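One structure is given here, and the rest of the page talks about it.
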Amino acid sequence: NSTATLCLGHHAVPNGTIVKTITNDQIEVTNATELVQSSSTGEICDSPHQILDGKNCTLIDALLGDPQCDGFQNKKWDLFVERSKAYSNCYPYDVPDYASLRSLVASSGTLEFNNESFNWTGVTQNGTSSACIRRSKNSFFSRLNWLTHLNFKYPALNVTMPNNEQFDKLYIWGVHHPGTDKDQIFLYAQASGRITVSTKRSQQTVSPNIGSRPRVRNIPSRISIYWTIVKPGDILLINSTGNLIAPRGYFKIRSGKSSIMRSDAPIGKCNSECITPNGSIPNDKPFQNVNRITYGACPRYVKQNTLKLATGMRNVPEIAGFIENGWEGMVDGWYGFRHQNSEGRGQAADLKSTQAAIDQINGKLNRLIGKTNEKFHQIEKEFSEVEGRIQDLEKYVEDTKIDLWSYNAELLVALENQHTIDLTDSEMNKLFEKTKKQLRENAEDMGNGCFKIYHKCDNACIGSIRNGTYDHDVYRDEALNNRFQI
Amino acid sequence: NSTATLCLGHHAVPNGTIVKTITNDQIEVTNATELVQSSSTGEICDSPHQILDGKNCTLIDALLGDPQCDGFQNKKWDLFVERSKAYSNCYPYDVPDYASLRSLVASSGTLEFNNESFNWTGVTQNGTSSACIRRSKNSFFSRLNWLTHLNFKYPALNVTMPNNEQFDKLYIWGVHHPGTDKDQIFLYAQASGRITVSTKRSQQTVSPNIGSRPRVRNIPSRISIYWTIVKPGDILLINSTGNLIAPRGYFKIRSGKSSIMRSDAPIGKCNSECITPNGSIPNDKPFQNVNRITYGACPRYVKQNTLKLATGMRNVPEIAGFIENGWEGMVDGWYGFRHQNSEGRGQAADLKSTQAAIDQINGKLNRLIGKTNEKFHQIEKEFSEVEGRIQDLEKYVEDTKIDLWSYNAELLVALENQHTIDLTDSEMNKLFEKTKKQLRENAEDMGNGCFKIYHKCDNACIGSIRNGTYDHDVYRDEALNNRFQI
Amino acid sequence: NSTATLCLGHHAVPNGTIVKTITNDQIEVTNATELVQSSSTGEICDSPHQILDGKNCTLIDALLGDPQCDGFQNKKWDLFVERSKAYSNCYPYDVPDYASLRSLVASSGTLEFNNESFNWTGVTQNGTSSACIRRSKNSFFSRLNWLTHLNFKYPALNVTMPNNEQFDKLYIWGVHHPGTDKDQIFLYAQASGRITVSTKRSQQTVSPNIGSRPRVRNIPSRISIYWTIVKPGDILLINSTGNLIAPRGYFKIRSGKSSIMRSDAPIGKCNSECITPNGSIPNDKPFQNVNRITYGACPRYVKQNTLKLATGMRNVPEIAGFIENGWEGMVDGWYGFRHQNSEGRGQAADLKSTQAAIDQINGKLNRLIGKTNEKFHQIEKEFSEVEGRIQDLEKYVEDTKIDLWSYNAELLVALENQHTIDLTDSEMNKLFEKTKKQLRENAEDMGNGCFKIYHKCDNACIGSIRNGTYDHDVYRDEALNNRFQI
Amino acid sequence: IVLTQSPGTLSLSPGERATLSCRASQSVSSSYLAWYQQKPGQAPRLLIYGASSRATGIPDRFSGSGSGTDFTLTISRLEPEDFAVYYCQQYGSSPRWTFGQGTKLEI
Amino acid sequence: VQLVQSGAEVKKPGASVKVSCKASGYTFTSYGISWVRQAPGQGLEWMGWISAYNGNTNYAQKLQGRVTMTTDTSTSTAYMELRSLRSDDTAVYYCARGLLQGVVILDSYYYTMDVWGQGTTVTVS
Ligand SMILES: *[C@@H]1O[C@H](CO)[C@@H](O[C@@H]2O[C@H](CO)[C@@H](O)[C@H](O)[C@H]2NC(C)=O)[C@H](O)[C@H]1NC(C)=O
Ligand SMILES: *[C@@H]1O[C@H](CO)[C@@H](O[C@@H]2O[C@H](CO)[C@@H](O)[C@H](O)[C@H]2NC(C)=O)[C@H](O)[C@H]1NC(C)=O
Ligand SMILES: *[C@@H]1O[C@H](CO)[C@@H](O[C@@H]2O[C@H](CO)[C@@H](O)[C@H](O)[C@H]2NC(C)=O)[C@H](O)[C@H]1NC(C)=O
Ligand SMILES: *[C@@H]1O[C@H](CO)[C@@H](O)[C@H](O)[C@H]1NC(C)=O
Ligand SMILES: *[C@@H]1O[C@H](CO)[C@@H](O)[C@H](O)[C@H]1NC(C)=O
Ligand SMILES: *[C@@H]1O[C@H](CO)[C@@H](O)[C@H](O)[C@H]1NC(C)=O
Ligand SMILES: *[C@@H]1O[C@H](CO)[C@@H](O)[C@H](O)[C@H]1NC(C)=O
Ligand SMILES: *[C@@H]1O[C@H](CO)[C@@H](O)[C@H](O)[C@H]1NC(C)=O
Ligand SMILES: *[C@@H]1O[C@H](CO)[C@@H](O)[C@H](O)[C@H]1NC(C)=O
Ligand SMILES: *[C@@H]1O[C@H](CO)[C@@H](O)[C@H](O)[C@H]1NC(C)=O
Ligand SMILES: *[C@@H]1O[C@H](CO)[C@@H](O)[C@H](O)[C@H]1NC(C)=O
Ligand SMILES: *[C@@H]1O[C@H](CO)[C@@H](O)[C@H](O)[C@H]1NC(C)=O
Ligand SMILES: *[C@@H]1O[C@H](CO)[C@@H](O)[C@H](O)[C@H]1NC(C)=O
Ligand SMILES: *[C@@H]1O[C@H](CO)[C@@H](O)[C@H](O)[C@H]1NC(C)=O
Ligand SMILES: *[C@@H]1O[C@H](CO)[C@@H](O)[C@H](O)[C@H]1NC(C)=O
Ligand SMILES: *[C@@H]1O[C@H](CO)[C@@H](O)[C@H](O)[C@H]1NC(C)=O
Ligand SMILES: *[C@@H]1O[C@H](CO)[C@@H](O)[C@H](O)[C@H]1NC(C)=O
Ligand SMILES: *[C@@H]1O[C@H](CO)[C@@H](O)[C@H](O)[C@H]1NC(C)=O
Ligand SMILES: *[C@@H]1O[C@H](CO)[C@@H](O)[C@H](O)[C@H]1NC(C)=O
Ligand SMILES: *[C@@H]1O[C@H](CO)[C@@H](O)[C@H](O)[C@H]1NC(C)=O
Ligand SMILES: *[C@@H]1O[C@H](CO)[C@@H](O)[C@H](O)[C@H]1NC(C)=O
Ligand SMILES: *[C@@H]1O[C@H](CO)[C@@H](O)[C@H](O)[C@H]1NC(C)=O
């Protein structure tokens, strides 16, 4: 014929996906990726982090030396896993400010213990109880020394332990609370008195309180656990007349990345930087919806189950071009041309604009994938007891953090999707304008993303147009005679 | 004439609204809506939440059984409203960690109390005081039993109360601190001793402290209030030699949405999902500036007094089109056509592009209005007493949350206003390009948003152009004759 | 010749700056500014804030009256600077909940102290110790009164101090803990008993604990420091049988902007609204990377070492226009024209599009620069002791705040840079479309940002085009004869 | 999308509280969901617009609620005149509406 | 506000039916008109919507290519022509007020169909 049609357009797919934008809650796009990791593997992997599986022990039971926790002596960890099945199997005890000691040790990350020789004269050492059975024999906590009277005398103790090291020493000690006064006389041969443990920077005075308590493992008495930190150059002085559960030495306090987590997940074998109570998770996606409790290089926790990031163009499902619809028959790229001339129909993708759009999308993806924030010790996020004001503040802080990160994730995804669509529409417009400018006065814009080229134009001139080599001067006289009827 | 001028343009109003954008701090728009709720109704609604008006009674006074609070026995609430006029009118008392007990009960949401029969043998029961007058008779707290000596003997109590139910039991008990030694002997016939209340998991030991205190309601003595939570399967054991203010039973602990608020606002007949200390507010707008203390489905608190979200076009108030100014005479739509031809002048709106712009604005509005997040029990945000580091942390957390949400509100409004403006400019440009492509070579762009059509074009012709039915070829020869003189 | 070329373009620079946008991590721009303040001056400014340099004193030692702190009596401050060299040189003491009392005084902002006449009969006043040497004499804390027996008797004290003022009174008092029982008898002639300090709303009972502690300044004894706040209309009652370190009066509690900071920076003679532990910093930039501990109108603390905000155009290093590259030889403005005609080759700048771009950039800078967050008293952000759960929560809150503000800073900068680039590309396109519309049918778009004008167009012609006065009807016949060959 | 009616109130009587609900295959904005009452022989009438707002004159008992993917009509106390087929409506981004299968609430 | 539909129709398979809906009490061009099919038994199948304001339409995928909707502003009427009727199309056809047009919607009311016609009861075969 005397006139050719050259149409420009973009690909489409039979069934696209729905993403959210600033302007439209439901825009159909050719492709999208999930940015929220909604599921775990079900196992906590033993690497890269060092994980100490508490099995039947809690961290405090391992700290004190519960007979069932002998396998935890002098251990180190990056993450301590506390099981819901853990239980105490030793003399009943309580820890004032339990959460602080548990956090303190979990943060330290070690049960390394150095024995020290305390004078403890005039008293009987290594008291035992039927509650703590170690080797089918009555025992006591392996890191505590239950002192009792010697020959019906318990002289006042004034025992000095200087700290001549360069590190903080953690001393764990306690106070015996007998069930009855008869037990107080039997064990200490005197009135309760009081126990004072002090350092140059501190003092703690605890009185025994004799009285019956509900029996736990047939024991009506309790031991209260206290701890003290001795700085380098300081001195630990224990002044006690009875009811003292003495230290046997000290634990080291070190800084580090250690923490404690509560989880019943089995320990697996893999390399995964992010550990949650539900198991290790991939840390490639910027967000997760698995848990609130995390350790390592984890995605940020959000409340959305799914957030879809567009990675392609608007689908616009179905010669004519971009303005009317997309082209479902194009599989070699995202942008292209269709032709109708004296030879027949044709089609070829434009790969440079496809690659430009892909490069911009890949840029956004690189900015959003594998960019997690590594966190270690954090506040407790789940509670089993009603504690009051402190627990309420911890819950409020976490709820605020989660709501703010969920907002940021929703806004960020809507922002990235709107920019992806605007950029690929701009690229479509750039290709159309480039073709129009190349054609100069040899073609007219028909209004549907197509040019009417007013001259005979075989496949060679069409190819020249596609690759940017169309010389409008050679066809100017023919095009003007057909277009304006000179 | 032999030509016609077809101008495209958009509406304008005599007085627009000034909104903020990312690029322009003060851009005039044809319309805008307020996204910050800056006023309340002044009343708390009875619906949908159950509101318990504390009147003269604080939550703790209701918990203990202050005679003026007899009307609060076994009540339930979703929100407890504490009035600033409330005062105690019973035996003077204090509560160590008062805030924790108040929060604990407020979040429990019920004062349901179940009486239990404690052995209390060898002592007298139902002690009274002239400070607590119930029905013109000396009385005491309705949920406490003030025990005294019997026949000048107060034998040691060792009273067991097992927890055989499936729920946590909250026991409220206290310790009497007499004014002088004569009161201690008169009431207990012996030295203060100590009170130990324990469970299998924990113990609390409190010693009475005899001494004079400033008289409150002519009472020189005090009662300290302690509480314990007994888990299912546990046992409450009370070991006491005197000075015990015994429990009469237990309170239930539930999980739920209950909380406590301090407010002097009246309670009225209305329905609102958001309760503030200033009364209920609408929860349609995404943000509020009424208060930081909220309950229910409340907007997020921001510092901004106003945030205006554009819901329209740039105003640009005042033939010529959109390039020079807007058209103040349009009432039918937002975008349209104006023409001068051989018959006279005229104007008609383009309603499809108007609706497209409106639908996009409706989309933006849908994501903000009616998407309010629901919160219930939170930290305290206002304090009457100076306390220490915990109060400082609570204030810091709330100020951090407010600063971050105010930032998010400011950025969100600026981004959405910038996109609304860019969209309406895009719709104007799409209509202009549609008209230009439809006219093709029969008209020239004069640079003011208007086309000069180089042929006779009657009102049917202009209407054909406006509705997309213009036939390009019919007028081509005439237009070319006029445009180029052949 | 018979035609002329008019090229439109924009300036370029030999070496630009790399900035981040939403689309591209490293885009070179002609200019950028730093938004993160990464260094301090090294000195704290003493204006506009009142700064009290603690020198060798801590706030608590200034409060109690350590002799070396005599120069701090009755002082006020906006910021109290605690030095790392500070040490006590007086009787050894401890303060339960030290952090809270330090926060109380720091928030109050004053050491103003009023003396009160307490009855203190039957006892010897003004006890002294060799630990506290004031003016080469044994002394004691200047705000405390160490009471001892009189004539080997220490009658029970019941001393009333009503609060008849209109403000809260802060009373500081303590409890003596003798090293031995010989000291308890020597100083008090009787057993320790207990000390009760109470008001209508609260009571504190502390028992002395006799025992040896590690010697500090050769003293084996300690004083425990307690405080009470007496509201207007209330009464302070001190009930004591011995071991009382009595108050000498009260400190005022005020509300205000005062706070405490730990810093070894010198205090200079300068003016800065933002004080950090590293010294004062400029507060012009919206963000800082100097410290998390701030006082005053400070920028937000972020983790990023640098954030660069584009303040210029995309840099495209090198007739042809803006489609292929920028023009490095332009010095007059940002946007401009070049031409080649029968007279020669020339160049001129378009200063109205340039100024429009400058105005929009200035708008962004005015919204970002000079807007800071004024905050005064905050939580402690650095710790020297392992405290447990409370310290962990304070650290968690600060880490969350820092991560959220760093995210906000990163997203804000990427958005501002993306909008700046899009706006200046839009301004280039607006100038190109304006020129094209002005030329009408007398020129063709060459595809490289240049127009071929099909008539003789001298420098007066080009100037007419540049300033918007070109009349296309003057040259229309020549232009059509040249464009279409008749 | 597609809505699943999952009828849970097929047989009730006067004075009982209805728990009639609707589940969307995808989460939706609460502003785009509505409840309708269709009596035998009559055109459907709108009861609730949004998740919880009453439209025209209606008894106070017709107070519903919901969010996310799960919405409930929650008729406080039924009366004989309230037995009808109840439809769950969802508005999409495009000017399109979808209805559920309908829960028949009868004596 | 009232919507009045045409009366009952009986058609043979292969015929088309055009159902009218006249509006009264509100500006016709301020809202769209939605058409909904209530089959015997079964639930409510939405068929389509047309904007009286600007003439835009939206159709259910099952009926694309079969239903043509039109409005007449002067009469304030809407029409729906259903082509190639089959016996499966016997149903009561309702018209209802649809979306608000020409005004920005802030309230959730205007996303619902609050005014319904009577139902024409069209029988096919
Ligand atoms: C106080 O009461 C408790 C329980 O009422 C007593 O504890 C019980 O002691 C018997 C043996 O005497 C055991 O068989 C029970 O199992 C114990 N029960 C509990 C819950 O501990 C306790 O002995 C009493 N004390 C005194 C001094 O009477
Ligand atoms: C300790 O002092 C207080 C006050 O100085 C005494 O309390 C006063 O007792 C009288 C007794 O008639 C009352 O009228 C006053 O109203 C009380 N005032 C206050 C503030 O309590 C208290 O009795 C004294 N205690 C002893 C043991 O002497
Ligand atoms: C308890 O032991 C400490 C240290 O073992 C004793 O304190 C020492 O006392 C001597 C003089 O008596 C001083 O020279 C030392 O410097 C002190 N050392 C420390 C660490 O304080 C303390 O006196 C003993 N207590 C009793 C009652 O004997
Ligand atoms: C979407 O992109 C991924 C690569 O990220 C590709 O593997 C997948 O086939 C794409 N899907 C479609 C429908 O284009
Ligand atoms: C934990 O205790 C249970 C008690 O029955 C025992 O069966 C199990 O083997 C214990 N686990 C370990 C690791 O000791
Ligand atoms: C242990 O203490 C006693 C009494 O203080 C002392 O006599 C004895 O020497 C001490 N033991 C040593 C130093 O080994
Ligand atoms: C106490 O037990 C430890 C081992 O736990 C032992 O080394 C020490 O000699 C024992 N001392 C006495 C007095 O039995
Ligand atoms: C993660 O663990 C919590 C607590 O066990 C659980 O509620 C949540 O559903 C888990 N998440 C996943 C994805 O399984
Ligand atoms: C463009 O295509 C034409 C037609 O095949 C060919 O002759 C010409 O060499 C091509 N140019 C380039 C740069 O590929
Ligand atoms: C609260 O106390 C005041 C004291 O005068 C009394 O007048 C008022 O009636 C009381 N209110 C209630 C609800 O008991
Ligand atoms: C104490 O008061 C309660 C209140 O009901 C009563 O049931 C109980 O019998 C009284 N006991 C004595 C000993 O007065
Ligand atoms: C606990 O009760 C027993 C009962 O005999 C008594 O001997 C003991 O002193 C009591 N202890 C306290 C602290 O009340
Ligand atoms: C609400 O109450 C608080 C505290 O009384 C007040 O600061 C605030 O301005 C009040 N707001 C309104 C809108 O009344
Ligand atoms: C467009 O307007 C012209 C002039 O009024 C009219 O003749 C023509 O029928 C219209 N077409 C449509 C589809 O509205
Ligand atoms: C960048 O802008 C600053 C002013 O903010 C100016 O002083 C500087 O010279 C500019 N640099 C360039 C290369 O234009
Ligand atoms: C601070 O203490 C050091 C060491 O005792 C002393 O040299 C210095 O002069 C003191 N400075 C002041 C201001 O007290
Ligand atoms: C105690 O010291 C103060 C110091 O000003 C003095 O006024 C007071 O008289 C002294 N009292 C005795 C008993 O020394
Ligand atoms: C402290 O040790 C001395 C040693 O003689 C003793 O007399 C005194 O009672 C002890 N104090 C306490 C509280 O144990
Ligand atoms: C309080 O003072 C009175 C005055 O006689 C005295 O009897 C009582 O023992 C004192 N109490 C204390 C705890 O000091
Ligand atoms: C400020 O001081 C802190 C603590 O000494 C240090 O970590 C930080 O790097 C310092 N910053 C600058 C800019 O000096
Ligand atoms: C525009 O430039 C031409 C060049 O000769 C000059 O004559 C004319 O006056 C200028 N107009 C304006 C408004 O600057
Ligand atoms: C702004 O929009 C609202 C809601 O669409 C409308 O009620 C109001 O009249 C509008 N105002 C203007 C000036 O268009």
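Ligands are numbered from 1 in the order shown, chains are lettered A, B, ... in the order of the structure tokens, and residues start at 1 in each chain.
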Taking every C-alpha atom in sequence order, what RMSD separates chain B from chain C after the best least-squares fit?
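Rounded to one decimal, the C-alpha RMSD is 0.2 Å.
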So that I can check the surroundings of residue 455 in chain B, please list as number ranges by chain every protein, DNA and RNA residue that reaches within 8 Å of it, counting only C-alpha atoms and ignoring chain neighbours fewer than 5 positions away.
B: 2-4, 442, 475, 478-479, 482
Selected residues written out, C-alpha atoms, as a CSV table (one decimal), in the first residue's frame:
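Produced file part-v9.csv, reproduced below:
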```csv
chain,number,residue,atom,x,y,z
B,2,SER,CA,-13.7,30.8,8.6
B,3,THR,CA,-11.9,29.4,11.7
B,4,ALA,CA,-12.8,28.5,15.3
B,442,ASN,CA,-6.7,20.4,11.3
B,475,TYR,CA,-12.3,18.7,7.1
B,478,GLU,CA,-10.3,22.6,3.9
B,479,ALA,CA,-7.9,22.9,6.9
B,482,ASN,CA,-6.3,27.4,5.2
```
Output as a list in words the set of chain B residues within 6 Å of chain A, with distances taken over only C-alpha atoms.
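Residues satisfying the distance criterion: residues 100, 104, 198, 200, 360, 363, 364, 379 and 437 of chain B.
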Preceding selection exported with N, CA and C atoms as a short mmCIF file (atom, residue, chain, number, x, y, z; two decimals), in the first residue's frame:
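Result file part_26.cif:
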```
data_model
loop_
_atom_site.label_atom_id
_atom_site.label_comp_id
_atom_site.auth_asym_id
_atom_site.auth_seq_id
_atom_site.Cartn_x
_atom_site.Cartn_y
_atom_site.Cartn_z
N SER B 100 0.87 -0.03 90.18
CA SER B 100 0.77 -1.38 89.64
C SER B 100 -0.55 -2.03 90.02
N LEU B 104 -3.38 -3.07 87.41
CA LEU B 104 -3.76 -4.48 87.44
C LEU B 104 -5.27 -4.64 87.49
N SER B 198 2.30 -16.31 101.56
CA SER B 198 3.07 -17.00 100.54
C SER B 198 2.25 -17.99 99.73
N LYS B 200 3.28 -21.21 96.43
CA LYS B 200 4.39 -22.05 96.01
C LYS B 200 5.41 -21.28 95.19
N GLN B 360 -9.84 9.16 41.62
CA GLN B 360 -8.51 9.04 42.22
C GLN B 360 -8.46 9.72 43.59
N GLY B 363 -10.13 7.56 46.02
CA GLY B 363 -9.21 6.51 46.42
C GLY B 363 -8.30 6.97 47.55
N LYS B 364 -7.69 8.15 47.39
CA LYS B 364 -6.82 8.65 48.47
C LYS B 364 -7.59 8.82 49.77
N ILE B 379 -0.14 3.00 78.94
CA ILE B 379 0.59 3.56 80.07
C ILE B 379 -0.07 4.85 80.53
N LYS B 437 -4.49 15.14 19.47
CA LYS B 437 -4.39 13.97 18.60
C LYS B 437 -5.66 13.77 17.79
#
```
Return as a PyMOL selection string the residues belonging to chain D that are within 10 Å of chain A, counting only C-alpha atoms.
chain D and resi 28-29+92-94
Store the residues picked out above, limited to N, CA, C and O atoms, as a compact mmCIF listing (two decimals), in the first residue's frame.
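Written output follows (part-v3.txt):
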```
# COMPACT_ATOMS: atom_id res chain seq x y z
N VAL D 28 -10.52 -6.19 52.73
CA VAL D 28 -11.10 -5.02 52.09
C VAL D 28 -11.19 -3.87 53.07
O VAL D 28 -11.14 -4.05 54.29
N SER D 29 -11.31 -2.66 52.52
CA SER D 29 -11.57 -1.49 53.34
C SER D 29 -12.96 -1.59 53.96
O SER D 29 -13.91 -2.05 53.32
N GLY D 92 -15.68 -2.62 45.04
CA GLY D 92 -14.30 -2.71 44.59
C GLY D 92 -13.72 -1.35 44.23
O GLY D 92 -14.37 -0.32 44.35
N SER D 93 -12.48 -1.38 43.75
CA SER D 93 -11.85 -0.13 43.32
C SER D 93 -12.58 0.43 42.10
O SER D 93 -12.85 1.63 42.03
N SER D 94 -12.89 -0.43 41.15
CA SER D 94 -13.64 -0.04 39.97
C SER D 94 -15.10 0.12 40.38
O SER D 94 -15.50 -0.36 41.44
```
Which residues form the shell of 9 Å around ligand 21 when you count only C-alpha atoms and all ligand atoms, given as number ranges by chain?
C: 459-470
Could you save those same residues with N, CA and C atoms as a PDB file, in the first residue's frame?
```pdb
ATOM      1  N   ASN C 459      20.191  37.408  15.279  1.00  0.00           N
ATOM      2  CA  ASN C 459      20.242  37.445  16.735  1.00  0.00           C
ATOM      3  C   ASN C 459      19.037  38.183  17.306  1.00  0.00           C
ATOM      4  N   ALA C 460      18.493  39.158  16.574  1.00  0.00           N
ATOM      5  CA  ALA C 460      17.273  39.813  17.033  1.00  0.00           C
ATOM      6  C   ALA C 460      16.107  38.830  17.032  1.00  0.00           C
ATOM      7  N   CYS C 461      16.025  37.999  15.991  1.00  0.00           N
ATOM      8  CA  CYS C 461      15.012  36.947  15.916  1.00  0.00           C
ATOM      9  C   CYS C 461      15.149  35.961  17.072  1.00  0.00           C
ATOM     10  N   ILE C 462      16.371  35.485  17.316  1.00  0.00           N
ATOM     11  CA  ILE C 462      16.594  34.534  18.400  1.00  0.00           C
ATOM     12  C   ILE C 462      16.243  35.171  19.736  1.00  0.00           C
ATOM     13  N   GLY C 463      16.648  36.427  19.937  1.00  0.00           N
ATOM     14  CA  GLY C 463      16.301  37.120  21.167  1.00  0.00           C
ATOM     15  C   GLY C 463      14.803  37.260  21.346  1.00  0.00           C
ATOM     16  N   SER C 464      14.087  37.530  20.250  1.00  0.00           N
ATOM     17  CA  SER C 464      12.634  37.622  20.315  1.00  0.00           C
ATOM     18  C   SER C 464      12.035  36.294  20.745  1.00  0.00           C
ATOM     19  N   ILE C 465      12.577  35.192  20.226  1.00  0.00           N
ATOM     20  CA  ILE C 465      12.091  33.871  20.621  1.00  0.00           C
ATOM     21  C   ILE C 465      12.361  33.631  22.103  1.00  0.00           C
ATOM     22  N   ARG C 466      13.584  33.936  22.549  1.00  0.00           N
ATOM     23  CA  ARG C 466      13.976  33.669  23.931  1.00  0.00           C
ATOM     24  C   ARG C 466      13.127  34.427  24.949  1.00  0.00           C
ATOM     25  N   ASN C 467      12.767  35.682  24.666  1.00  0.00           N
ATOM     26  CA  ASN C 467      12.003  36.477  25.625  1.00  0.00           C
ATOM     27  C   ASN C 467      10.490  36.406  25.426  1.00  0.00           C
ATOM     28  N   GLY C 468      10.002  35.520  24.562  1.00  0.00           N
ATOM     29  CA  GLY C 468       8.571  35.357  24.403  1.00  0.00           C
ATOM     30  C   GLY C 468       7.841  36.386  23.574  1.00  0.00           C
ATOM     31  N   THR C 469       8.524  37.053  22.640  1.00  0.00           N
ATOM     32  CA  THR C 469       7.905  38.069  21.794  1.00  0.00           C
ATOM     33  C   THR C 469       7.899  37.673  20.322  1.00  0.00           C
ATOM     34  N   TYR C 470       8.257  36.431  19.996  1.00  0.00           N
ATOM     35  CA  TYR C 470       8.301  36.006  18.604  1.00  0.00           C
ATOM     36  C   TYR C 470       6.894  35.964  18.023  1.00  0.00           C
TER      37      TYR C 470
END
```
Any residue with an atom at most 7 Å from ligand 20 counts, using only C-alpha atoms and all ligand atoms. Which are they? Put them as a ChimeraX atom specification.
/C:38-40,277-278,289-291
For chain E against chain B, which residues fall within 9 Å using only C-alpha atoms, given as a ChimeraX atom specification?
/E:53-56,101-108
For the residues in that selection, give me N, CA, C and O atoms as a short mmCIF file (atom, residue, chain, number, x, y, z; two decimals), in the first residue's frame.
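Generated file (out_1.cif):
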```cif
data_model
loop_
_atom_site.label_atom_id
_atom_site.label_comp_id
_atom_site.auth_asym_id
_atom_site.auth_seq_id
_atom_site.Cartn_x
_atom_site.Cartn_y
_atom_site.Cartn_z
N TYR E 53 -23.86 10.66 35.09
CA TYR E 53 -23.10 11.89 35.02
C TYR E 53 -22.31 11.99 33.71
O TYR E 53 -22.43 12.99 32.99
N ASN E 54 -21.54 10.95 33.37
CA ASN E 54 -20.68 10.98 32.19
C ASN E 54 -20.84 9.81 31.22
O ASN E 54 -20.10 9.76 30.23
N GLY E 55 -21.75 8.87 31.47
CA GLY E 55 -21.96 7.78 30.53
C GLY E 55 -21.03 6.59 30.65
O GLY E 55 -21.18 5.64 29.87
N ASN E 56 -20.09 6.59 31.59
CA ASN E 56 -19.18 5.45 31.73
C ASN E 56 -19.93 4.23 32.24
O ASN E 56 -20.88 4.35 33.01
N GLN E 101 -21.49 10.95 41.71
CA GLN E 101 -20.68 11.41 40.59
C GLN E 101 -20.57 12.93 40.61
O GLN E 101 -21.53 13.62 40.97
N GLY E 102 -19.40 13.43 40.23
CA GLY E 102 -19.15 14.85 40.15
C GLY E 102 -18.77 15.50 41.46
O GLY E 102 -18.47 16.70 41.47
N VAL E 103 -18.78 14.76 42.56
CA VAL E 103 -18.49 15.26 43.89
C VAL E 103 -17.50 14.31 44.54
O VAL E 103 -17.57 13.10 44.35
N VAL E 104 -16.57 14.87 45.32
CA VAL E 104 -15.60 14.03 46.02
C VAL E 104 -16.31 13.36 47.19
O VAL E 104 -17.01 14.01 47.98
N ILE E 105 -16.14 12.04 47.31
CA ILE E 105 -16.81 11.25 48.33
C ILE E 105 -15.90 11.10 49.54
O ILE E 105 -14.83 10.50 49.45
N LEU E 106 -16.35 11.64 50.68
CA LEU E 106 -15.64 11.48 51.95
C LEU E 106 -16.33 10.46 52.85
O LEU E 106 -15.65 9.77 53.62
N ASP E 107 -17.65 10.38 52.76
CA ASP E 107 -18.46 9.47 53.55
C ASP E 107 -18.48 8.10 52.89
O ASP E 107 -18.22 7.95 51.69
N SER E 108 -18.80 7.07 53.68
CA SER E 108 -18.90 5.72 53.16
C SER E 108 -20.28 5.41 52.61
O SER E 108 -20.46 4.38 51.95
#
```
